[PDB]
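Here is what each chain is made of, one letter per residue.
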Amino acid sequence: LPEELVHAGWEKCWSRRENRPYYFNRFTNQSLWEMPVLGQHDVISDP
């Protein structure tokens, strides 16, 4: 998890119920199981 993910609030942790590590967005309380993504892709914006 590079500063890119840590910026959004993502944080790797060990879920006891799942008995393994994963990802938890402390910002949206999200709970994934594999490194998430970010705006690293293209920028589809026309402000």
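Each chain's residues are numbered sequentially from 1 according to the written sequence, a convention that need not reproduce the entry's numbering, and residues without coordinates are excluded. Excluded from the side-chain calculation are hydrogens and water; included are all heavy atoms of the structure.

Structure determination for this PDB entry is given in the record as solution NMR.

Going by the PDB entry, the chain carries the name Phosphorylated CTD-interacting factor 1 and comes from Homo sapiens. The title field of the PDB entry reads "Solution structure of hPCIF1 WW domain".

A.B. asks: Hey, could you run me through unusual backbone geometry in this one?
C.D. replies: What is expected of a backbone is that most residues other than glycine have negative phi and most peptide bonds are trans. Unusually for a residue other than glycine, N19 sits at a positive phi of about 60 degrees. By the element assignment, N19 lies in the loop between β1 (12-15) and β2 (20-25). Unlike most non-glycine residues, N29 shows phi in positive territory, near 55 degrees. Counting from the N terminus, the helices are DSSP H or I runs at least four residues long and the strands are E runs at least two residues long. Here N29 is to be found in the loop between β2 and β3 (30-32).

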